[PDB]
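One chain comes next, on its own, written as structure tokens: the form deposited in one PDB entry.
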């Protein structure tokens, strides 16, 4: 992961947008991929921490441009773009800022009940429209096939951990993968466009109207299992919990809720493995150490 001063951020934009004068810079936020900077208190600029992050930034810019007026909520609108180099697919992107604060579980549970329920209904309508966006014109590259991903994760873990685990420990790893791959329910779904990081940090809230006023952070968006967009909201202290998501599910007219629960239960066991892989692919080593300790 690399880093920026405000000076570098300024000169970068100046190169490509010399007519855009900058008055104020502050850090808005940071994900796994980019630092986000708030320019003119009315524009969010994302600069990539590494080549992987930049590839995700490029994804996000491209998908946003295809869905920009298809959804019932505000999403980030692309106003400025950087350029490709040998290191980054896209050096930066600037977006219109969405005013609001994250809909944290704490905030959500302090709302009046009718507001909490409007939030579930508004999140369901958003998912329902997102999952219906026609995907013909999307890059076949964005398809994430879960069965494929799981087979590739199995090889990656073997090859990462082969000198770190004892043979009986790796055999149990292989058994875990095998059991997952024999269960069809994880792999039979109809691909559609999914947000794929759909959780409280990315759901913006207007505390004067007590209503959701935006969805942000489309860097992980893919064509994949729509159920991903529910399971990411379900974890208890950290996210919303099953009662709230079951309201979303009902508005969405989900027909197979026990399948969503079973996917969530498996994603919960799967976390240690993702920590190891995401660890290395993002070079965050504290995650790697953690998943490995867990696996033992």
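Residue numbers count along the first chain shown, from 1.
Between the stretches 113-121 and 128-136, it is 128-136 that shows the larger average CA temperature factor. Of the two segments examined, 51-59 and 263-271, it is 263-271 that shows the higher average Cα temperature factor in the deposited entry.
Per-chain ranking of the deposited C-alpha B factor places residue 221 in the lowest third.
In the PDB entry, residue 195 places in the lowest third of its chain by CA B-factor.
The entry lists a Cα temperature factor for residue 26 that places it in the highest third of the chain's modelled residues. Residue 141: CA B factor lies in the highest third for its chain, per the PDB record.
Among all modelled residues in its chain, residue 66 ranks in the middle third by Cα B-factor.
Omitted here: the form deposited in another entry. The next part is about that form.
Hinge annotation between the shown form and the other one, restricted to 204, 228, 271, 64, points to 271 (rigid-part boundary). Relative to this form, the distance between the C-alpha atoms of residue 85 and residue 285 is increased by at least 3 angstroms in that other deposited form.
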